[PDB]
>>> print(open('structure-v5.txt').read())   # compact mmCIF, C-alpha atoms and all ligand atoms
# COMPACT_ATOMS: atom_id res chain seq x y z
CA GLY A 1 139.62 -175.03 -45.77
CA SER A 2 142.42 -176.07 -43.44
CA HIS A 3 140.86 -177.46 -41.20
CA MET A 4 137.84 -176.44 -39.17
CA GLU A 5 134.76 -178.47 -37.91
CA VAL A 6 131.22 -177.74 -38.85
CA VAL A 7 129.36 -175.97 -36.03
CA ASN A 8 125.73 -176.13 -35.34
CA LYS A 9 124.43 -172.52 -34.86
CA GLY A 10 120.83 -173.68 -34.23
CA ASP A 11 118.83 -172.77 -37.32
CA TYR A 12 121.73 -173.97 -39.51
CA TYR A 13 125.20 -175.52 -39.55
CA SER A 14 128.22 -173.46 -40.64
CA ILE A 15 131.87 -173.65 -41.15
CA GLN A 16 134.29 -170.86 -40.59
CA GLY A 17 135.99 -170.00 -43.88
CA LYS A 18 139.17 -168.05 -44.49
CA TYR A 19 137.26 -164.72 -44.41
CA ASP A 20 133.62 -165.48 -43.67
CA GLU A 21 131.37 -167.87 -41.98
CA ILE A 22 129.87 -170.22 -44.55
CA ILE A 23 126.45 -171.78 -44.04
CA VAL A 24 126.48 -175.53 -44.84
CA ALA A 25 123.33 -176.97 -46.34
CA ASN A 26 123.33 -180.36 -48.08
CA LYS A 27 121.99 -183.94 -47.84
CA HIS A 28 124.04 -184.47 -44.61
CA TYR A 29 123.38 -181.09 -42.95
CA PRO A 30 119.77 -179.79 -43.03
CA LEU A 31 118.54 -176.36 -42.10
CA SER A 32 115.96 -175.76 -39.38
CA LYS A 33 112.55 -176.05 -41.18
CA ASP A 34 111.87 -172.64 -39.62
CA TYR A 35 115.06 -170.93 -40.90
CA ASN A 36 113.64 -168.36 -43.23
CA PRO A 37 115.97 -165.49 -43.85
CA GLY A 38 114.75 -164.85 -47.43
CA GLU A 39 117.14 -163.58 -50.14
CA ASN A 40 120.52 -162.25 -49.03
CA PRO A 41 120.88 -158.63 -50.24
CA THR A 42 124.64 -158.72 -50.48
CA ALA A 43 124.57 -161.87 -52.65
CA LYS A 44 121.71 -160.39 -54.65
CA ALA A 45 123.62 -157.24 -55.42
CA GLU A 46 126.51 -159.39 -56.71
CA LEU A 47 124.16 -161.48 -58.78
CA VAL A 48 122.90 -158.35 -60.48
CA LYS A 49 126.39 -157.42 -61.56
CA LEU A 50 127.07 -161.01 -62.66
CA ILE A 51 123.95 -160.98 -64.79
CA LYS A 52 124.77 -157.65 -66.32
CA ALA A 53 128.32 -158.79 -67.14
CA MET A 54 127.05 -161.90 -68.96
CA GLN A 55 124.59 -159.71 -70.94
CA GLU A 56 127.42 -157.29 -71.74
CA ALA A 57 129.55 -160.23 -72.90
CA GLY A 58 126.88 -161.29 -75.43
CA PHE A 59 125.08 -164.01 -73.50
CA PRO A 60 121.21 -164.28 -73.72
CA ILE A 61 120.75 -164.26 -69.91
CA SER A 62 117.49 -163.17 -68.16
CA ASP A 63 117.23 -160.62 -65.37
CA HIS A 64 115.08 -163.25 -63.76
CA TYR A 65 116.41 -166.03 -61.58
CA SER A 66 115.34 -168.53 -58.97
CA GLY A 67 116.67 -167.53 -55.53
CA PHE A 68 115.11 -167.87 -52.14
CA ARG A 69 112.76 -170.85 -51.74
CA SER A 70 111.32 -171.38 -48.19
CA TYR A 71 110.80 -174.84 -46.61
CA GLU A 72 107.18 -174.91 -47.71
CA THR A 73 108.04 -173.97 -51.24
CA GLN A 74 110.68 -176.78 -51.26
CA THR A 75 108.00 -179.25 -50.03
CA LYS A 76 105.71 -178.60 -53.02
CA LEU A 77 108.60 -178.76 -55.48
CA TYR A 78 110.12 -181.94 -54.03
CA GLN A 79 106.64 -183.68 -53.88
CA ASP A 80 105.84 -182.61 -57.45
CA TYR A 81 109.08 -184.20 -58.62
CA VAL A 82 108.28 -187.58 -56.91
CA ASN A 83 105.49 -187.87 -59.53
CA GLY A 86 109.82 -191.30 -58.25
CA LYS A 87 111.47 -190.48 -54.87
CA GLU A 88 114.52 -192.25 -56.31
CA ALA A 89 114.90 -190.07 -59.43
CA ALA A 90 113.85 -186.82 -57.69
CA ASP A 91 116.59 -187.28 -55.04
CA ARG A 92 119.21 -187.29 -57.83
CA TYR A 93 118.45 -183.62 -58.65
CA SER A 94 115.93 -182.06 -56.18
CA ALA A 95 116.47 -181.26 -52.53
CA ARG A 96 114.20 -182.55 -49.84
CA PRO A 97 112.83 -179.70 -47.77
CA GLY A 98 115.27 -178.36 -45.23
CA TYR A 99 118.18 -179.52 -47.40
CA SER A 100 118.31 -176.88 -50.25
CA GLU A 101 120.79 -174.13 -50.39
CA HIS A 102 117.92 -172.13 -51.82
CA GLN A 103 116.48 -171.84 -48.30
CA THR A 104 119.58 -169.89 -47.20
CA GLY A 105 118.86 -167.02 -49.64
CA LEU A 106 122.50 -167.44 -50.85
CA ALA A 107 121.71 -169.71 -53.80
CA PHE A 108 120.49 -168.55 -57.24
CA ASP A 109 119.76 -170.30 -60.46
CA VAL A 110 120.65 -168.27 -63.63
CA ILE A 111 118.02 -168.45 -66.55
CA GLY A 112 118.42 -167.77 -70.27
CA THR A 113 116.13 -165.28 -72.02
CA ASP A 114 114.72 -168.45 -73.62
CA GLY A 115 113.09 -169.47 -70.28
CA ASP A 116 115.38 -172.42 -69.46
CA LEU A 117 118.03 -172.85 -66.73
CA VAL A 118 121.43 -172.13 -68.33
CA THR A 119 123.15 -175.15 -69.84
CA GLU A 120 124.56 -173.71 -73.04
CA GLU A 121 128.26 -174.52 -73.06
CA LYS A 122 129.92 -171.12 -73.41
CA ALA A 123 127.64 -169.65 -70.82
CA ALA A 124 128.31 -172.62 -68.46
CA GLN A 125 132.07 -172.14 -68.90
CA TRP A 126 131.81 -168.36 -68.37
CA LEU A 127 130.17 -169.10 -64.95
CA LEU A 128 133.00 -171.56 -64.04
CA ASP A 129 135.51 -168.85 -65.16
CA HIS A 130 133.92 -165.79 -63.56
CA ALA A 131 131.33 -166.64 -60.91
CA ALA A 132 134.04 -166.08 -58.36
CA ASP A 133 134.50 -162.48 -59.60
CA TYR A 134 131.08 -161.90 -57.91
CA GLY A 135 131.65 -164.06 -54.81
CA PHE A 136 129.92 -167.13 -56.16
CA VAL A 137 130.77 -170.76 -56.91
CA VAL A 138 129.18 -173.27 -59.30
CA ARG A 139 128.13 -175.56 -56.50
CA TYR A 140 127.19 -178.77 -58.33
CA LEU A 141 130.20 -179.39 -60.34
CA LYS A 142 130.50 -181.92 -63.16
CA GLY A 143 132.33 -185.03 -61.88
CA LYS A 144 131.67 -184.13 -58.19
CA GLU A 145 128.25 -185.71 -57.91
CA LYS A 146 129.52 -188.19 -55.23
CA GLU A 147 130.88 -185.39 -53.10
CA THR A 148 128.04 -182.90 -53.37
CA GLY A 149 125.20 -185.38 -53.47
CA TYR A 150 123.66 -184.01 -56.71
CA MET A 151 123.90 -184.39 -60.40
CA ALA A 152 125.83 -181.53 -61.96
CA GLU A 153 124.04 -178.12 -62.43
CA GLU A 154 125.56 -175.49 -64.69
CA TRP A 155 123.16 -172.84 -63.49
CA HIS A 156 123.15 -173.07 -59.69
CA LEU A 157 125.34 -170.45 -58.00
CA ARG A 158 126.16 -170.36 -54.29
CA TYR A 159 127.30 -167.11 -52.67
CA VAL A 160 130.36 -167.55 -50.47
CA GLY A 161 132.20 -164.20 -50.91
CA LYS A 162 135.84 -163.48 -51.13
CA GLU A 163 136.95 -167.13 -50.75
CA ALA A 164 135.22 -168.07 -54.04
CA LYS A 165 138.33 -167.40 -56.09
CA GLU A 166 140.56 -169.83 -54.02
CA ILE A 167 137.69 -172.31 -54.14
CA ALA A 168 137.26 -172.08 -57.90
CA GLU A 169 140.99 -172.39 -58.35
CA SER A 170 141.03 -175.72 -56.41
CA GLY A 171 138.35 -177.31 -58.67
CA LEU A 172 136.87 -178.79 -55.50
CA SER A 173 133.39 -179.05 -54.08
CA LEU A 174 132.82 -177.11 -50.86
CA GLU A 175 132.61 -180.51 -49.13
CA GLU A 176 136.13 -181.31 -50.24
CA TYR A 177 137.49 -177.81 -49.90
CA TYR A 178 136.39 -177.31 -46.25
CA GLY A 179 136.47 -181.03 -45.48
CA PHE A 180 132.89 -181.63 -44.49
CA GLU A 181 130.54 -184.48 -45.40
CA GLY A 182 128.12 -184.31 -48.29
CA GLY A 183 127.03 -187.42 -50.21
CA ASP A 184 123.63 -189.00 -49.63
CA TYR A 185 120.96 -188.56 -46.99
CA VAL A 186 121.52 -190.64 -43.80
CL CL B 201 133.02 -160.04 -53.37
ZN ZN B 202 127.29 -186.38 -39.55
ZN ZN B 203 136.91 -163.46 -64.42
ZN ZN B 204 119.52 -174.06 -57.68
>>> encode(input="structure-v5.txt", output="structure tokens")
Amino acid sequence: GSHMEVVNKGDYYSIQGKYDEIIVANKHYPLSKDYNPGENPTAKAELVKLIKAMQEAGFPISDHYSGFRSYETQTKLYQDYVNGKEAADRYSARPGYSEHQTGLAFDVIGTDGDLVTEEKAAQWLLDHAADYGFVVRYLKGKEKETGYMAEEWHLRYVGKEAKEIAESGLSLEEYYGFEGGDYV
């Protein structure tokens, strides 16, 4: 990511990547509370293949996943988690702030009902998410940069540039040189 500024497109901010334009949603850059594209079909088709490949490799992964969540959905979920604001902020997006609202983010689930955390499966996603155009967004040890505690299961579709990204070991923030961190 060498080196472009973030542009406001109106409903969202984006940064121009090496091959694609990359929507930026985090604690610094919110989405328009209206922006409601639903699930991205191109990302979805890749997720399907990713899922199948994990199942083929022996992993107990569900066909089900958590993808598009609108602003309103995010509101319920964030509120529910307050029940403190402090602790919920560590791991749950405020509405307008979630990559899930872009329709480009997807949480992988085990056939046991839980978000994937099992170690071999987590490593497989670090190793191969990029083969399907995805990155593990909330990397371990990058909580300062991304704004969020690490998530083994949360995939963000970025396309072809995922392999160079994964190779860097960087957060998107660091790779494209935009701000993440805490709400301001
Ligand atoms: Cl691809
Ligand atoms: Zn700023
Ligand atoms: Zn691979
Ligand atoms: Zn997620």
>>> residues_near_point(input="structure-v5.txt", point="(116.9, -172.2, -65.4)", cutoff="10 Å", atoms="all atoms listed in the file", output="PDB file with C-alpha atoms, in the coordinates of the input")
ATOM      1  CA  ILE A  61     120.750-164.260 -69.910  1.00  0.00           C
ATOM      2  CA  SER A  62     117.490-163.170 -68.160  1.00  0.00           C
ATOM      3  CA  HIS A  64     115.080-163.250 -63.760  1.00  0.00           C
ATOM      4  CA  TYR A  65     116.410-166.030 -61.580  1.00  0.00           C
ATOM      5  CA  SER A  66     115.340-168.530 -58.970  1.00  0.00           C
ATOM      6  CA  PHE A 108     120.490-168.550 -57.240  1.00  0.00           C
ATOM      7  CA  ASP A 109     119.760-170.300 -60.460  1.00  0.00           C
ATOM      8  CA  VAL A 110     120.650-168.270 -63.630  1.00  0.00           C
ATOM      9  CA  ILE A 111     118.020-168.450 -66.550  1.00  0.00           C
ATOM     10  CA  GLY A 112     118.420-167.770 -70.270  1.00  0.00           C
ATOM     11  CA  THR A 113     116.130-165.280 -72.020  1.00  0.00           C
ATOM     12  CA  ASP A 114     114.720-168.450 -73.620  1.00  0.00           C
ATOM     13  CA  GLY A 115     113.090-169.470 -70.280  1.00  0.00           C
ATOM     14  CA  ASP A 116     115.380-172.420 -69.460  1.00  0.00           C
ATOM     15  CA  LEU A 117     118.030-172.850 -66.730  1.00  0.00           C
ATOM     16  CA  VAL A 118     121.430-172.130 -68.330  1.00  0.00           C
ATOM     17  CA  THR A 119     123.150-175.150 -69.840  1.00  0.00           C
ATOM     18  CA  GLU A 153     124.040-178.120 -62.430  1.00  0.00           C
ATOM     19  CA  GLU A 154     125.560-175.490 -64.690  1.00  0.00           C
ATOM     20  CA  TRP A 155     123.160-172.840 -63.490  1.00  0.00           C
ATOM     21  CA  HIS A 156     123.150-173.070 -59.690  1.00  0.00           C
TER      22      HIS A 156
END
>>> closest_atom_pairs(input="structure-v5.txt", of="segment 8-39 of chain A", to="segment 87-105 of chain A", cutoff="7 Å", atoms="all atoms listed in the file", output="Markdown table")
| residue | atom | partner | partner_atom | distance |
| --- | --- | --- | --- | --- |
| A:25 | CA | A:101 | CA | 5.6 |
| A:26 | CA | A:99 | CA | 5.3 |
| A:27 | CA | A:99 | CA | 5.9 |
| A:30 | CA | A:99 | CA | 4.7 |
| A:31 | CA | A:98 | CA | 4.9 |
| A:32 | CA | A:98 | CA | 6.4 |
| A:33 | CA | A:98 | CA | 5.4 |
| A:36 | CA | A:103 | CA | 6.8 |
| A:37 | CA | A:104 | CA | 6.6 |
| A:38 | CA | A:105 | CA | 5.1 |
| A:39 | CA | A:105 | CA | 3.9 |
>>> write_last_selection(input="structure-v5.txt", atoms="C-alpha atoms", output="PDB file, keeping the file's coordinate frame")
ATOM      1  CA  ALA A  25     123.330-176.970 -46.340  1.00  0.00           C
ATOM      2  CA  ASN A  26     123.330-180.360 -48.080  1.00  0.00           C
ATOM      3  CA  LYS A  27     121.990-183.940 -47.840  1.00  0.00           C
ATOM      4  CA  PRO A  30     119.770-179.790 -43.030  1.00  0.00           C
ATOM      5  CA  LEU A  31     118.540-176.360 -42.100  1.00  0.00           C
ATOM      6  CA  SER A  32     115.960-175.760 -39.380  1.00  0.00           C
ATOM      7  CA  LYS A  33     112.550-176.050 -41.180  1.00  0.00           C
ATOM      8  CA  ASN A  36     113.640-168.360 -43.230  1.00  0.00           C
ATOM      9  CA  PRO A  37     115.970-165.490 -43.850  1.00  0.00           C
ATOM     10  CA  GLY A  38     114.750-164.850 -47.430  1.00  0.00           C
ATOM     11  CA  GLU A  39     117.140-163.580 -50.140  1.00  0.00           C
TER      12      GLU A  39
END
>>> residues_near_ligand(input="structure-v5.txt", ligand="ligand CL 201 (chain B)", cutoff="6 Å", atoms="all atoms listed in the file", output="short mmCIF file (atom, residue, chain, number, x, y, z; two decimals) with C-alpha atoms, in the frame of the given file")
data_model
loop_
_atom_site.label_atom_id
_atom_site.label_comp_id
_atom_site.auth_asym_id
_atom_site.auth_seq_id
_atom_site.Cartn_x
_atom_site.Cartn_y
_atom_site.Cartn_z
CA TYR A 134 131.08 -161.90 -57.91
CA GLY A 135 131.65 -164.06 -54.81
CA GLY A 161 132.20 -164.20 -50.91
CA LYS A 162 135.84 -163.48 -51.13
#
>>> residues_near_ligand(input="structure-v5.txt", ligand="ligand ZN 203 (chain B)", cutoff="8 Å", atoms="only C-alpha atoms and all ligand atoms", output="PyMOL selection string")
chain A and resi 129-133
>>> residues_around(input="structure-v5.txt", residues="residue 28 of chain A", least_positions_apart="3", cutoff="10 Å", atoms="only C-alpha atoms", output="MDAnalysis selection string")
chainID A and resid 24:25 99 148:149 180:186
>>> write_last_selection(input="structure-v5.txt", atoms="C-alpha atoms", output="compact mmCIF listing (two decimals), keeping the file's coordinate frame")
# COMPACT_ATOMS: atom_id res chain seq x y z
CA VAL A 24 126.48 -175.53 -44.84
CA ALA A 25 123.33 -176.97 -46.34
CA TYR A 99 118.18 -179.52 -47.40
CA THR A 148 128.04 -182.90 -53.37
CA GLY A 149 125.20 -185.38 -53.47
CA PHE A 180 132.89 -181.63 -44.49
CA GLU A 181 130.54 -184.48 -45.40
CA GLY A 182 128.12 -184.31 -48.29
CA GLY A 183 127.03 -187.42 -50.21
CA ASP A 184 123.63 -189.00 -49.63
CA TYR A 185 120.96 -188.56 -46.99
CA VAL A 186 121.52 -190.64 -43.80
>>> atom_distance(input="structure-v5.txt", atom1="atom CA of residue 4 of chain A", atom2="atom CA of residue 168 of chain A")
19.2 Å
>>> closest_residue(input="structure-v5.txt", among="A:9, A:18, A:158, A:52", to="ligand ZN 204 (chain B)", atoms="only C-alpha atoms and all ligand atoms")
A:158
>>> closest_residue(input="structure-v5.txt", among="A:57, A:107, A:22, A:151", to="ligand ZN 204 (chain B)", atoms="all atoms listed in the file")
A:107
>>> closest_residue(input="structure-v5.txt", among="A:177, A:49, A:106, A:120", to="residue 147 of chain A", atoms="only C-alpha atoms")
A:177
>>> closest_residue(input="structure-v5.txt", among="A:50, A:159, A:13, A:3", to="ligand ZN 202 (chain B)", atoms="all atoms listed in the file")
A:13
>>> residues_near_point(input="structure-v5.txt", point="(132.2, -172.4, -52.3)", cutoff="8 Å", atoms="all atoms listed in the file", output="JSON, numbers by chain")
{"A": [136, 137, 138, 139, 158, 159, 160, 163, 164, 167, 168, 173, 174, 177]}
>>> atom_distance(input="structure-v5.txt", atom1="atom CA of residue 35 of chain A", atom2="atom CA of residue 7 of chain A")
15.9 Å
>>> atom_distance(input="structure-v5.txt", atom1="atom CA of residue 45 of chain A", atom2="atom CA of residue 175 of chain A")
25.7 Å
>>> closest_residue(input="structure-v5.txt", among="A:34, A:145, A:21, A:46", to="residue 157 of chain A", atoms="all atoms listed in the file")
A:46
>>> closest_residue(input="structure-v5.txt", among="A:15, A:77, A:6, A:53", to="ligand ZN 202 (chain B)", atoms="all atoms listed in the file")
A:6
>>> decode(input="structure-v5.txt", residues="segment 104-121 of chain A", atoms="N, CA, C and O atoms", output="compact mmCIF listing (two decimals), in the first residue's frame")
# COMPACT_ATOMS: atom_id res chain seq x y z
N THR A 104 -20.50 -3.91 5.20
CA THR A 104 -20.03 -3.78 3.82
C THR A 104 -20.48 -4.91 2.92
O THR A 104 -20.40 -4.78 1.67
N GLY A 105 -20.86 -6.02 3.55
CA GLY A 105 -21.17 -7.31 2.90
C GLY A 105 -19.90 -8.04 2.41
O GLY A 105 -19.97 -8.95 1.59
N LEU A 106 -18.73 -7.61 2.89
CA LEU A 106 -17.43 -8.16 2.48
C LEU A 106 -16.78 -8.92 3.63
O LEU A 106 -15.73 -9.54 3.49
N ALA A 107 -17.43 -8.91 4.78
CA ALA A 107 -16.91 -9.59 5.97
C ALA A 107 -17.77 -10.80 6.37
O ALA A 107 -18.99 -10.76 6.25
N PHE A 108 -17.13 -11.87 6.81
CA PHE A 108 -17.79 -13.15 7.07
C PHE A 108 -17.07 -13.82 8.19
O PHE A 108 -15.79 -13.92 8.19
N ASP A 109 -17.84 -14.29 9.14
CA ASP A 109 -17.34 -15.07 10.25
C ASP A 109 -17.63 -16.58 9.95
O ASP A 109 -18.75 -17.00 9.67
N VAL A 110 -16.57 -17.36 9.93
CA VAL A 110 -16.59 -18.82 9.76
C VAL A 110 -17.00 -19.54 11.12
O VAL A 110 -16.48 -19.21 12.19
N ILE A 111 -17.87 -20.56 11.04
CA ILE A 111 -18.45 -21.26 12.22
C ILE A 111 -18.15 -22.74 12.08
O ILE A 111 -18.18 -23.30 11.00
N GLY A 112 -17.81 -23.38 13.20
CA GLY A 112 -17.62 -24.83 13.25
C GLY A 112 -18.97 -25.53 13.29
O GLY A 112 -19.97 -24.93 13.68
N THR A 113 -19.01 -26.78 12.85
CA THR A 113 -20.23 -27.58 12.89
C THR A 113 -20.72 -27.74 14.33
O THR A 113 -21.83 -28.17 14.57
N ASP A 114 -19.87 -27.39 15.30
CA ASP A 114 -20.25 -27.39 16.71
C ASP A 114 -20.98 -26.11 17.19
O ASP A 114 -21.21 -25.95 18.38
N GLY A 115 -21.32 -25.21 16.28
CA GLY A 115 -22.04 -23.99 16.57
C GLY A 115 -21.24 -22.75 16.95
O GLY A 115 -21.80 -21.65 17.07
N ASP A 116 -19.93 -22.90 17.18
CA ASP A 116 -19.12 -21.81 17.74
C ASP A 116 -18.29 -21.21 16.60
O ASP A 116 -17.85 -21.94 15.68
N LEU A 117 -18.07 -19.89 16.67
CA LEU A 117 -17.01 -19.23 15.85
C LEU A 117 -15.70 -20.01 15.94
O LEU A 117 -15.36 -20.46 17.03
N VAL A 118 -15.00 -20.16 14.82
CA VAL A 118 -13.79 -20.97 14.77
C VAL A 118 -12.68 -20.31 15.60
O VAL A 118 -12.45 -19.09 15.54
N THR A 119 -12.15 -21.13 16.50
CA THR A 119 -10.95 -20.79 17.29
C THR A 119 -9.97 -21.96 17.38
O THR A 119 -8.86 -21.77 17.85
N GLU A 120 -10.36 -23.14 16.92
CA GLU A 120 -9.52 -24.28 17.09
C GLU A 120 -8.24 -23.96 16.34
O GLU A 120 -8.28 -23.35 15.29
N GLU A 121 -7.11 -24.34 16.92
CA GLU A 121 -5.82 -23.90 16.41
C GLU A 121 -5.46 -24.28 14.99
O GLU A 121 -4.90 -23.45 14.30
